[PDB]
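Some notes on the structure that comes next.
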Amino acid sequence: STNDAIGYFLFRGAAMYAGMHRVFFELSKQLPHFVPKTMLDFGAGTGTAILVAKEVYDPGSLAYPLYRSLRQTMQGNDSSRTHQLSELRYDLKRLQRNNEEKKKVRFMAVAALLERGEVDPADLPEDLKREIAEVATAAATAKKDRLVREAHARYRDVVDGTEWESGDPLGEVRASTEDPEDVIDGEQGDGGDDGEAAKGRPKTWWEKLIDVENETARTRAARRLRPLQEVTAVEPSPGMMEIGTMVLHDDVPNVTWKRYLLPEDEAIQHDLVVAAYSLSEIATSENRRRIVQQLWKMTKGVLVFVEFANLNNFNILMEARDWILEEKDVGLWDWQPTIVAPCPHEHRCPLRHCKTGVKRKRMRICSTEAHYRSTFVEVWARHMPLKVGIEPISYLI
Amino acid sequence: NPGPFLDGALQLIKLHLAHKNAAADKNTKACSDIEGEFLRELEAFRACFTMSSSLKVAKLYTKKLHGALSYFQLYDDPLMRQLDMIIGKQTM
Amino acid sequence: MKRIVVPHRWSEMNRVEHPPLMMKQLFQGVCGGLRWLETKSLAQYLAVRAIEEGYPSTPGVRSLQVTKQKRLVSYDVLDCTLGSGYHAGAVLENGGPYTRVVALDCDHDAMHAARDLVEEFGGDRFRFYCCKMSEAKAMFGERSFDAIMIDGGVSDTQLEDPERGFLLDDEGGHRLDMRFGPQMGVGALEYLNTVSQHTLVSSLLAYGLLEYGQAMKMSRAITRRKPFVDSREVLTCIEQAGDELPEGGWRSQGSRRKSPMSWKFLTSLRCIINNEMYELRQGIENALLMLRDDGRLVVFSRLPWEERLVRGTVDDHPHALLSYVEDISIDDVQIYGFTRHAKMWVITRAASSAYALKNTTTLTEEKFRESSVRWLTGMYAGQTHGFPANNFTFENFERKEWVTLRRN
Amino acid sequence: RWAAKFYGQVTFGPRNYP
Amino acid sequence: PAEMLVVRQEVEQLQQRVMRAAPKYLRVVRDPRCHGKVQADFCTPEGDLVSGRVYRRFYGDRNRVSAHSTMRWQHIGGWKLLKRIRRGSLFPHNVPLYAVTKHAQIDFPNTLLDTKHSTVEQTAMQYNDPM
Amino acid sequence: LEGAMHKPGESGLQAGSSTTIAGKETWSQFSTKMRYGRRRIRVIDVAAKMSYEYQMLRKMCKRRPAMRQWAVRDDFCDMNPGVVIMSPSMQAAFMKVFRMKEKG
Amino acid sequence: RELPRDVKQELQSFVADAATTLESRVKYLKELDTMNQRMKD
RNA sequence: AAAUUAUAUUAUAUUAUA
RNA sequence: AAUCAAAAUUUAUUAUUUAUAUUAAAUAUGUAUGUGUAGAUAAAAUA
Ligand SMILES: Nc1ncnc2c1ncn2[C@@H]1O[C@H](CSCC[C@H](N)C(=O)O)[C@@H](O)[C@H]1O
Ligand SMILES: Nc1ncnc2c1ncn2[C@@H]1O[C@H](CSCC[C@H](N)C(=O)O)[C@@H](O)[C@H]1O
Ligand SMILES: [Zn+2]
């Protein structure tokens, strides 16, 4: 019900959040070039996994900024590396540069624009002042990003008392504009052959400094690498759905809330399928093997199972691992299942078949442990004030 | 059950009598500011009359509120509509 | 030199629009209020200032750098659902100048109503996005609009389409895709083919209609006979358990408790899919955040549980006050064919002391004895010293946060 | 009486187990 | 800042170098115990559960002479690593391991087995010859 | 009685000495308005805490360049992010769920 | 005059111990599970 | 709805914010 | 049953904490309740 969902989210939110950050940290380290444009979340009661994936793969488009000092915000993905490069460039400008010449150009430009707005004559007598102009419109777009970061809500520019732009109110020509930035390899032309002949030129560290220091190519690299376009969340219970919609709509826009997986729903294709703490919650009447096979059928990229560390849970996850690795020799080699983390051998798990685990329950569960800052409801319910809470999780990537 | 609806009704009746005392030759400031205060206390009075409907006090002042709203020359109003329905029930 | 014309479909040429529900009662509601009279008084204040400076007149009785000019008197209204755009056009036409409407919708087919509104006047008075009404606070923030109008249910455009579902008298097998936009999941054919018997009863009982004795009979009929390839087999099984459908179809002018079980099941299955319980509870409570001080909120309710939801929200929210409640006039039911039970809820926001007005009417002796116990035992306590609770404060900034805005 | 609250949430199959 | 951007590109190159050897590494399965030496349990990429020991000081395969200090080799041979690393993380296969014991394996999984069995039944069960 | 109602001039942790009822709220109403009013997060100082990439590269500049590859292998083999602190979006969702109902 | 029922249940939810309630309810669920397992054989 | 198992006593706590 | 210096173990540096004491403005409106940690132990009936 909704009360069960209230208590479940308030009790397990930080624990499931820490587990998802641990598994997504390992996924960002092991696969840096994986950007999941389409994400399906199976059993998404609360969108903790969707929120963690949004924080990992798109730290800049959140409503509230991340705690930049923490280790959890340094991921291996190219979008996360781009946002970390922006914050690192901010730190380099603030701390490792003692010169006030940047502030000198800043207040000179501010006073110059405030003086040319209504006082001075026009800017045509001063020749080749385009360097002020393009950095001024770039700083204006940075100011719009500053308003988005200040109000914790996009589309704030229509809220204020400025006049709206005449022409395109509905936003149709901004979405139907042919982009001149994406060029297919056959579409290039009218160039000298000596540029495409000599290969292996930008291997010097100075040319890498040129490629890092410029900010015009940053937006051009970020516009093609859209991190999360469509997110589909599956949840049958209505209370879990109506609380997860309260959770996700503040920072993850346009989430389609499916209610059930259909057997005809396996024809739609996703980049990342996350089943967090949901394989144990599948009832005994439902065939979990067909659900696991259907969840594998909807993966262009990565399928991530996350669950609590328990005996029944580890048996469920190891059976699911065996069922998916059964699908190896059935077709094309490029779509065969390979486990990235944790088990590197792809045989049966040696802890699952160890001698010591017959009479010892502790030597049975190949799991990992995440640490988090526990909330007040956990220290209210568990009688001990835990400054650091411990969540044991079993995972499968 | 206190009486702030009574204070709102007495303020509207005092404003109606102040516009009745605006029967001079021409005093545009009196008509202007009494119209402004009557509209402001009307918008403050709409919700209070909605809460205080079907009460022992509103039936005493319903005819005076209808007369004050008719003197201020505005009709096809929600308060005018509620007063018209309660007067039509009172006459039947 | 040829033109590539798109071949039309059946639903594009035979598309009908939604009739205007009420225009003169809406324009008094969604415009008029405290935010409107201070708007009209400020426009007259700028009129006597223009003749003071020396502008050309007539004989008559009385942020940052590139955004230097901000707009004048303009009255910003948010439309949660424009539909055919008649209620969105009633604000801008009758309001004349200094008014604005931002419209949202779930369906992309409401762009047709948004396109015709721009062709009359556009660029600076109309603005359209495609999103739910619950995601309005996430994309506009607090204290964003002078007024917010909320409608609910289906327009007449979606009822007649064979692809958008909602067809009961067509005599043909169409898919029961009865949802308002792509932001939801499965349709009613894929819902009833997969939902369990217990899950359907708990969702039917949440809307008040089709109570537990009757909903357990309808769910016994659905789950026992569900290979459902078309809506013809669905409407056969629904009308076999209860009575047949009413003559008006979706719009029944009869009483709510005297409505048949087939109509109660179909108007609740429409409410189960598009989540009108969640979207109206969130859309009203987010609207009281996005309103300015003394702003107006207009909600249209065509169902009895919606009248419970608006009545339960205003009495509990510590800023909401019902200005008045007006029902539909009798002339709109004949010519347009609307529901007799359609009401208009005009809710206003209070700056302060919103509970002192409600304590005049509903303050019993039992609530006074409960109030003394909650102070003695301290059950009105919250949380401040926990981990997420220390980072949360009220809307007004503190002295330690103002020095953070200077550097950041 | 905390265990009797969830009896309205059990599916109709296992509601009549003993 | 040029120092930091150059070393950022160099850390990117070194991380791209270690990611090629990353699929050959071990998995720390059980938490390591540390009393001078660090002893842990590993899943190898061969399908085995081994128990490995790591020392702080250098002991080569042929002779003990080297060009490293103790701090150098304790950063080389993963002693600081496996001291600060808990279970679920990677351990390099190029680091030498001392006194590795391969755990015995049975055919049927030990997960969801009852511990209320008798002692000789668990004895026959764990030695892959059940009753 | 005294203390049965809440005067809006007097603070909620203190108790008013007035006995009147008019112009006052019940304590359930005060609890709902205190749960309603407390939606905001305090402004985070960006400049007070430097980024983790900045401190990581600062520690890598001070290392010997022959030992930098082993530090890279040390940083890569650590799959634990540490003590996971909740994001302010996650804290906002947590408190949004916590403010919608009475504490009892 | 005694207290009404709803404030009594809310006060019992407000002031009682959480850990003892949790342990008693979890061991009650365990005892019910052992009864169900003993019935299943 | 009784018998009382109940310990009970008083004080403190957090990046106010550095 | 085949080994070796964690905190066997000592000492120091921009730096990581929890504690140590320092440590202040602010009535324009609206306002801010924990689990625990502790010392010797000398009241008792809504289930
Ligand atoms: N057979 C099934 N198919 C789809 N969802 C299911 C399911 N069985 C259970 N679930 C849902 O899976 C959810 C698991 S609770 C886990 C919540 C979410 N994964 C998170 O990490 O925050 C439950 O709310 C339940 O409603
Ligand atoms: N919760 C919601 N949020 C935004 N739009 C919604 C919505 N629920 C329904 N709609 C849309 O609103 C339309 C009907 S509203 C019907 C009346 C119409 N708004 C008018 O003024 O004339 C439907 O087409 C539907 O797509
Ligand atoms: Zn393993």
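Just so we're on the same page: first chain in the structure tokens is A, next is B, and so on; residues restart at 1 for each chain, and ligands are numbered from 1 in the order they show up.
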Within 6 Å of ligand 1, counting only C-alpha atoms (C1' of nucleotides) and all ligand atoms, which protein or nucleic acid residues do you find, written as a compact mmCIF listing (two decimals) with C-alpha atoms, in the first residue's frame?
# COMPACT_ATOMS: atom_id res chain seq x y z
CA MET A 16 19.60 1.03 -1.54
CA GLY A 43 10.69 -3.46 -10.28
CA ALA A 44 11.27 0.28 -9.79
CA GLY A 45 9.30 0.75 -6.60
CA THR A 46 11.11 3.92 -5.67
CA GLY A 47 13.36 5.37 -8.34
CA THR A 48 16.53 5.13 -6.26
CA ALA A 49 18.35 3.27 -9.04
CA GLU A 235 6.02 -1.07 -11.03
CA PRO A 236 2.73 -2.96 -10.45
CA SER A 237 1.88 -1.65 -6.98
CA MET A 240 5.21 2.43 -4.82
CA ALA A 276 17.55 -3.51 -8.09
CA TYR A 277 16.18 -5.53 -5.14
CA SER A 278 13.35 -6.89 -7.31
CA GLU A 281 10.24 -9.75 -4.62
CA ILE A 282 8.90 -11.75 -7.58
Exercise. Using only C-alpha atoms (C1' of nucleotides) and all ligand atoms, which protein or nucleic acid residues are at most 7 Å from ligand 3, as a ChimeraX atom specification?
Worked result: /A:342-343,349-351,366 /E:43
For this session: Considering only C-alpha atoms, extract the chain C residues located within 10 Å of chain G and return them as a VMD selection string.
Result: chain C and resid 366 369 to 370 373 to 374 377 to 379
Atoms to include: N, CA and C atoms. Write the selected residues as a compact mmCIF listing (two decimals), in the first residue's frame.
# COMPACT_ATOMS: atom_id res chain seq x y z
N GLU C 366 -14.48 18.56 20.85
CA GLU C 366 -13.61 17.39 20.79
C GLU C 366 -12.25 17.74 20.18
N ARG C 369 -10.22 19.44 22.93
CA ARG C 369 -9.65 18.51 23.89
C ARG C 369 -8.50 17.71 23.29
N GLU C 370 -8.54 17.46 21.98
CA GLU C 370 -7.41 16.82 21.32
C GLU C 370 -6.23 17.78 21.20
N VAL C 373 -4.14 17.86 24.41
CA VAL C 373 -3.35 16.64 24.61
C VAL C 373 -2.11 16.66 23.73
N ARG C 374 -2.23 17.19 22.51
CA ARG C 374 -1.09 17.23 21.59
C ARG C 374 -0.04 18.24 22.02
N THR C 377 1.57 16.29 25.41
CA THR C 377 2.41 15.17 25.04
C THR C 377 3.43 15.52 23.97
N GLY C 378 3.26 16.65 23.29
CA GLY C 378 4.23 17.08 22.30
C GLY C 378 4.24 16.28 21.02
N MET C 379 3.07 15.92 20.51
CA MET C 379 2.97 15.11 19.30
C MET C 379 3.07 15.94 18.02
For this session: Could you tell me, counting only C-alpha atoms (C1' of nucleotides) and all ligand atoms, which protein and nucleic acid residues lie no more than 6 Å from ligand 2, written as a list in words?
Result: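 Result of the 6 Å neighbour search around ligand 2: residues 18, 20, 80, 81, 82, 83, 84, 85, 86, 87, 104, 105, 106, 107, 132, 133, 151, 152, 153, 154, 155, 180, 181 and 279 of chain C.
Computed from the coordinates, the atom CA of residue E:85 to atom CA of residue E:12 distance equals 22.1 Å.
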For this session: Can you pull out every residue within 10 Å of residue D:11, counting only C-alpha atoms (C1' of nucleotides), but drop anything in the same chain fewer than 6 positions away, and send it as a ChimeraX atom specification?
Result: /C:196-199
Let me see the file: selected residues, C-alpha atoms, as a compact mmCIF listing (two decimals), in the first residue's frame.
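Written output follows (out_17.txt):
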# COMPACT_ATOMS: atom_id res chain seq x y z
CA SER C 196 -4.33 -9.90 -10.95
CA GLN C 197 -7.73 -10.07 -9.29
CA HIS C 198 -6.55 -8.55 -6.00
CA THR C 199 -4.63 -5.70 -7.66
Exercise. Once you count only C-alpha atoms (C1' of nucleotides), which residues of chain I turn out to be within 8 Å of chain A? Could you give them as a PyMOL selection string?
Worked result: chain I and resi 34-36
For this session: Could you check how far atom CA of residue C:368 sits from atom CA of residue F:25, in Å to one decimal?
Result: 10.1 Å
For this session: Find the residues around residue H:14 up to 10 Å (only C-alpha atoms (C1' of nucleotides) counted), leave out those fewer than 3 positions away in its own chain, and share them as a list in words.
Result: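 The residues satisfying every condition are residues 385, 386, 387 and 390 of chain C.
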For this session: Based on DSSP run over this structure's backbone, return all residues of chain F in helix (DSSP H, G or I), as a ChimeraX atom specification.
Result: /F:27-37,52-61,68-76,88-98
Exercise. Got a sec to tell me which of stretch 2-127 of chain E DSSP assigns to strand (DSSP E), as an MDAnalysis selection string?
Worked result: chainID E and resid 26:35 37:43 49:54 90:91 98:102
Problem set entry | Expected answer as number ranges by chain: chain F residues within 12 Å of chain I, only C-alpha atoms (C1' of nucleotides) | F: 8-14, 30-31, 33-39, 55, 58-59, 62, 103
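Residues with any atom within 12 Å of residue D:14, counting only C-alpha atoms (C1' of nucleotides) and excluding same-chain neighbours fewer than 4 positions away, are residues 283, 284 and 285 of chain A; 198 of chain C; 7, 8, 9, 10 and 18 of chain D.
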Exercise. Near stretch 85-88 of chain B, counting only C-alpha atoms (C1' of nucleotides), which residues have an atom at most 9 Å away, once you skip same-chain residues fewer than 2 positions from it, shown as a PyMOL selection string?
Worked result: chain B and resi 59+62-63+66+80-83+90-92
Could the residues in this selection be saved with N, CA and C atoms as a CSV table (one decimal), in the first residue's frame?
chain,number,residue,atom,x,y,z
B,59,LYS,N,-28.0,35.1,7.5
B,59,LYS,CA,-29.4,35.3,7.1
B,59,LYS,C,-29.9,36.7,7.6
B,62,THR,N,-28.1,39.1,4.8
B,62,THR,CA,-28.1,38.8,3.4
B,62,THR,C,-28.8,39.9,2.5
B,63,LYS,N,-29.8,40.5,3.1
B,63,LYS,CA,-30.5,41.5,2.3
B,63,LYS,C,-29.7,42.8,2.3
B,66,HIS,N,-27.0,42.2,-0.3
B,66,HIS,CA,-27.5,42.3,-1.6
B,66,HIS,C,-27.8,43.7,-2.0
B,80,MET,N,-22.9,37.9,-5.9
B,80,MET,CA,-24.3,38.3,-6.3
B,80,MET,C,-25.1,37.0,-6.7
B,81,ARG,N,-24.4,36.0,-7.3
B,81,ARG,CA,-25.1,34.8,-7.6
B,81,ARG,C,-25.6,34.0,-6.4
B,82,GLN,N,-24.7,33.9,-5.4
B,82,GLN,CA,-25.1,33.2,-4.2
B,82,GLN,C,-26.1,34.0,-3.4
B,83,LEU,N,-26.1,35.3,-3.4
B,83,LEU,CA,-27.1,36.1,-2.8
B,83,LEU,C,-28.4,36.0,-3.5
B,90,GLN,N,-35.4,32.1,-0.2
B,90,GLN,CA,-36.1,32.8,0.9
B,90,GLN,C,-37.5,33.3,0.5
B,91,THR,N,-37.6,33.6,-0.7
B,91,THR,CA,-38.9,34.1,-1.2
B,91,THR,C,-39.9,32.9,-1.5
B,92,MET,N,-39.4,31.7,-1.8
B,92,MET,CA,-40.2,30.6,-2.1
B,92,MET,C,-40.7,29.9,-0.8
Problem set entry | Spatial neighbours of residue F:97, max dist 9 Å, only C-alpha atoms (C1' of nucleotides), sep filter under 3 positions, as a PyMOL selection string | (chain A and resi 6+9-10+243+246-247) or (chain F and resi 92-94+100-101)
For this session: Check every residue of chain E for an atom within 10 Å of chain A, counting only C-alpha atoms, and provide those that qualify as a ChimeraX atom specification.
Result: /E:1-2,4-10,15-16,19,22-31,42-50,86-90,103-117,119,122-123,125-128
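Taking atom CA of residue C:343 as the reference point, atom CA of residue C:300 is found at 5.9 Å.
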For this session: Check every residue of chain E for an atom within 7 Å of chain I, counting only C-alpha atoms (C1' of nucleotides), and provide those that qualify as a list in words.
Result: residues 34, 35 and 36 of chain E
Selection file, C-alpha atoms, as a PDB file, in the first residue's frame:
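Output (part32.pdb):
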ATOM      1  CA  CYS E  34      46.072  -7.984   8.625  1.00  0.00           C
ATOM      2  CA  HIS E  35      48.678  -8.887  11.258  1.00  0.00           C
ATOM      3  CA  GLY E  36      51.889  -7.710   9.614  1.00  0.00           C
TER       4      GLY E  36
END
